[PDB]
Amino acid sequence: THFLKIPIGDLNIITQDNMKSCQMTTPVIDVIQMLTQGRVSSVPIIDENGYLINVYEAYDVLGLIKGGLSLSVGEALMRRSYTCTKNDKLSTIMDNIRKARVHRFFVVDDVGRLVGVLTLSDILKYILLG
């Protein structure tokens, strides 16, 4: 159980790989392309300075189409009705991932800028290692 009480910053489990970050001006069509090509279920939305300001889910794309393309992420978000740091412990993140039913948490730095991602897949692979 001890291995769950270690800050993720002490592990090699965070990736900077395929975060597919978007801006509020990104066309939704581009977001869907990133979700499919990236094989990811959400994209972090950042501002010009790299601060994480929101997240757009594959679920939102479905909702968008059911709810009435070229429109911006910012626009799509208005029609709609998370995060960790390297100091967070794996046990906490595991609990929050399950409660939120998300497949990735975005890792932010001290001032809230996006710096990486921790995926449910990598958590499983880490469990499998031992």
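Don't overthink the numbering: it's just position in the shown sequence, from 1.
A chain break between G68 and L69 is present, corresponding to 4 to 9 residues of the deposited sequence without coordinates. According to the record, 4 to 9 deposited residues between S81 and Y82 are left without atomic coordinates. Per the PDB record, of the two stretches 69-77 and 50-58, 69-77 carries the greater mean B-factor over its C-alpha atoms.
Note on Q37, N87, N96, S42: the highest value goes to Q37, judged by CA B factor as recorded.
Residue-level temperature factors show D109 in the middle third of its chain, judged at the C-alpha atom. When the CA B factors of the chain's modelled residues are split into thirds, the value for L4 lands in the highest one. When the modelled residues of the chain are ordered by C-alpha B-factor, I13 sits in the middle third.
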